[PDB]
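A single chain comes next, written as C-alpha cells; it is the form deposited in one PDB entry.
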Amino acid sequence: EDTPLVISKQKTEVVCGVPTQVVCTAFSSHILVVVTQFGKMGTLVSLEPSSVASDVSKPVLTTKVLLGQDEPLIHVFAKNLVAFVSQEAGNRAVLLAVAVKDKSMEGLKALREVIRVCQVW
C-alpha cells in the first residue's frame, strides 16, 4: 500500500502518430509536467511568472532552458504548451521536461489535450 503526498496523474496517448507519455505533478509552488517520446527526458524548461512588461494585466512567463540545447523555438513552444497550466494553477511556476522532436500546431493542440486529461490543479 501507499499514499502519495502530492497529486500526480499520467497518460500515454498517441500524438501525431507518436506514443507520448504525459505526467503532471502538483507541488505547492510548481507544476511538474513531463512530456516524453521515445523514452527520452528531452529539454528541461523552467517557466516562471515574472515582472510585468507592457501588459500589466498578467505576469510575464519567463523561460529558461535548464538542461538540453538552448535554442529559441523551445522557449516559444514551451510557453504555448503549458502557459495554461501556469495560469489555471494560480500563476504557478511550471517545470517542463519535453521530448518532442517533430512539432506542429496539430501536435501542440493534441499535447495540451493530454495535459488537460492529467490536470492536477
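Definition used throughout: the rigid core is the maximal C-alpha set that superposes within 1.5 Å between two forms. Residues that one form lacks are left out of the comparison. Heads up: residue numbers just count along the shown sequence, starting at 1.
Although it is not shown, the form deposited in another entry is what the next lines describe.
S.K.: Can you tell which residue in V52, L67, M41, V76 has its CA shifted by 2 Å or more between this form and the one not shown when the core is superposed?
M.R.: Result of the superposition: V52 is the only one at 2 Å or more.
S.K.: Relative to the form shown here, do the C-alpha atoms of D55 and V65 sit closer together or farther apart in the other form, given a change of 3 Å or more?
M.R.: So the answer is farther.
S.K.: Please say whether the CA atoms of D55 and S46 come closer or move farther apart in the other form, knowing the change relative to this form is 3 Å or more.
M.R.: Relative to the displayed form, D55 and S46 move farther apart in the other form - a change of at least 3 Å between their C-alphas.
S.K.: What stretches, three or more residues long, have all their C-alphas moved by 2 Å or more between this form and the one not shown when the rigid core is held in place?
M.R.: In sequence order, the runs that relocate between this form and the one not shown are 1-5, 51-58.
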